[PDB]
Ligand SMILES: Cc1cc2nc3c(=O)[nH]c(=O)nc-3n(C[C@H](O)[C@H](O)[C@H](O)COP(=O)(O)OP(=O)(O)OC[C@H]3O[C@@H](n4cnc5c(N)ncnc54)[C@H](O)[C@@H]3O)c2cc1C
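Quick setup: one chain, the form solved without the named molecule, written in structure tokens, and binding and motion questions come after.
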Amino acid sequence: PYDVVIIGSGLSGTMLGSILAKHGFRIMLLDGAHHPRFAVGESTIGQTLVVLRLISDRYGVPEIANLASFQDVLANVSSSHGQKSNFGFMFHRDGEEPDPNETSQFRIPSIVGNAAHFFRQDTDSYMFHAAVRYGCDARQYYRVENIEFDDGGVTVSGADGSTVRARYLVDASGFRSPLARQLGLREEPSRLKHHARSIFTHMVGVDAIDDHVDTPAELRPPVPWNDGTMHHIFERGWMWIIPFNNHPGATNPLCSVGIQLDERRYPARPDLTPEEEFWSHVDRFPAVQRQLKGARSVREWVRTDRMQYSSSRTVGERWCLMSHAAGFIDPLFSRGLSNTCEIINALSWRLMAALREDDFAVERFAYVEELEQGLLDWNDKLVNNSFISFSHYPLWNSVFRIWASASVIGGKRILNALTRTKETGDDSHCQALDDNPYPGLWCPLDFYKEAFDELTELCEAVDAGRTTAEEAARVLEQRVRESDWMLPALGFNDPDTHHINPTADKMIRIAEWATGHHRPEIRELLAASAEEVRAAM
């Protein structure tokens, strides 16, 4: 009999498995597929980097820290990955060239780490290998037919007639989660307000958008678009270009390409093949057309229905429904992996405690469920707001700076807790992250929640016909222009600054600006000396 059985041998399960095996527990990993296999969730974001570093230090699994840097990924995982220096956004209208004044770029600050485009095939193989090396058992090509809970544990039954017995079950697979299937955990219909379906593949021969747009030098981004994740924005949808070969001497010539479409505005086209639908959208936008002219798909296309789903419950006695087994929003802003990490960080230390006390009372896991649902609700709001804003660039502009400034602030929040735990050797400083009033919000501060609430009511009113996009953009731009907290040295409070470029000098200015700031949270999270900022470079 096992301590824990984990369903799903992707990153979510194998990171969790790696922790529990590293601490001496008997782990079984179950998955219906075999490695290597393709998987989605390619961009990594700053919060992902800092929370990977966090769980790596907190739980003593060095392999996890290797995903937190582009250079460590290339040196320890495989050479097959891309770099992610920035998020790039570009607006397109049907038949028209892209307007160079309707772009956004967020260059990721160096302090949070160097981000990457994960070739998930190789990261997930890496983590699976690490899990087995720590002691996990694994059954691949294993189809779960039945889950049974009693007061002594859980029994998982597979199609081949074998049986796995454990004290706890974690389902970390995905949409086809057998635990959600058994227990009817999926909410029908979903409570989620975001609607989007998908068509995606990997391609070879995709060009850089930098080489196919005619942009005046003064509107060209500080760093190349192709050096990060390109988001081609259009009405109620967006396209991603995620290269794995955007750096010198890259070995992987592939590029992840996909399109998200609001199915209420873009109903299904069963008369077309998935590829034909994809190209029908590409042909609407001539710059995208030029960028993808010689590109060829190397996989069987995936076309989905509405991809959003959510669950009514996440924990039970002797079980936990984790990350993508519980819910999904959109690939936009790459929240999923970050969410997975935050959950593992919160679940692991709890599960271990339960296991060594044979006390599986659901109350001890109540926070995990709260976190899960909060993660999903806030993520929903972030993406839905964005999709609404895609109709009108000046409204999107406010969405953009509100999201990205919080990226920086929350990243420094977690990083500060991490460094200070590394200096005092006291885990309290990491556990204080769980005392936030807004579980799931990336920036759990009152002024940010107010700003985000206001953004959300305006965007939902625009979606409902009660307010025009122009009016909401006017109101939000006023709020942004009269705000005092939006890292002005980086330009977040300037609506005419579209390319946020956090250079070293600006970060220094942020620290000085934060030192004598009236808000206590700004002072706590960003006030440094120039020495401290220069030291961590």
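We number the residues from 1 along the sequence you see.
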### Query
Should the higher mean CA B-factor in the entry be assigned to 430-438 or to 152-160?
430-438
### Message
When the Cα temperature factors in the entry are averaged, is it 243-251 or 305-313 that ends up higher?
### Response
305-313
### Query
In the PDB entry, which of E235, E460, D227, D330 has its C-alpha at the highest B-factor?
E460
### Query
When you compare the CA B-factors of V408, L376, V257, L418 as listed in the entry, which one comes out on top?
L418
### Task
Grab the CA temperature factor for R53 from the record and place it in the lowest, middle or highest third of its chain.
middle
### Query
Sorting the chain's CA B-factors, does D137 end up in the lowest, middle or highest third?
middle
### Task
Compare the C-alpha B factor of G10 with those of the other modelled residues in its chain, then answer lowest, middle or highest third.
lowest
### Message
Please say which third, lowest, middle or highest, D124 falls into when its CA temperature factor is compared across its chain.
### Response
lowest
### Message
By the recorded C-alpha temperature factor, relative to the other modelled residues in its chain, which third is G24 in?
### Response
middle
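There is another form of this protein, the form deposited with the named molecule bound, and it is not shown here; the text below is about that form.
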### Query
Should this chain be marked open or blocked when the named molecule, placed as in the bound PDB entry by superposing the nearby C-alphas, has its atoms checked against backbone and C-beta atoms at 2.4 Å, with 3 or more hits meaning blocked?
open
### Query
Wondering, does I19 line up within 4.5 Å of the named molecule in the bound PDB entry on heavy atoms?
no
### Query
Counting only non-hydrogen atoms and a 4.5 angstroms cut-off, does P488 reach the named molecule in the bound PDB entry?
no
### Query
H324 near the named molecule in the bound PDB entry, any heavy atom under 4.5 Å?
yes
### Query
How about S334: is it within 4.5 Å of the named molecule in the bound PDB entry, going by heavy atoms?
yes
### Task
Look at the stretches 63-71, 503-511, 490-498, 39-47 and give the one with heavy atoms within 4.5 Å of the named molecule in the bound PDB entry.
39-47
### Summary
Exactly one of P98, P178, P444, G237 comes within 4.5 Å of the named molecule in the bound PDB entry through a heavy atom, and that residue is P178
## Note on the structure
Checking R265, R269, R143, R133 against the named molecule in the bound PDB entry, the residue with a non-hydrogen atom inside 4.5 angstroms turns out to be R143
